[PDB]
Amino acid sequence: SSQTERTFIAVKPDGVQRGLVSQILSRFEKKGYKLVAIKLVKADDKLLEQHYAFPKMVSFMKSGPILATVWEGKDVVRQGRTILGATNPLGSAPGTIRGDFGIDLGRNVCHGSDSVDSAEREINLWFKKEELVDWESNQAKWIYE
């Protein structure tokens, strides 16, 4: 079946500085989703201005390292957006990453993709194809029909 959908989930640098890394990675791991690539990176002037295809928002993203990850699994993009919660923390629900950890729209802990098309372009910017792993998750057989 086509359960090879992959979204891009990155922990913004507030996230990272605040210590929320392992915590955020939980919600994905335990849902049954598949970590497929991951790196820590200080964002580039280029890398960035190409991403967000706000003069102050720039040097925020540069101001810390960023945990860039990629997660494979069915409906992972929408489920990702779900797990993160409303983009403005002040209206995302508890249980979600934004609603558990965030307050400011501007410091909203992480980013996820909003479309299969969004994700795919986003991943290929942030990672080369060599960098991405595929294995079968042992749990696959029990996770999916």
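From 1 onward, residues are counted along the sequence shown.
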| query | finding |
| --- | --- |
| Mean C-alpha B-factor comparison - 72 to 80 and 111 to 119, higher one | 111 to 119 |
| 82 to 90 versus 23 to 31 - greater average Cα B-factor per the deposited record | 82 to 90 |
| Identity of residue with top Cα B-factor, from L67, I103, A43, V36 | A43 |
| Chain-relative CA temperature factor third for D14 | lowest |
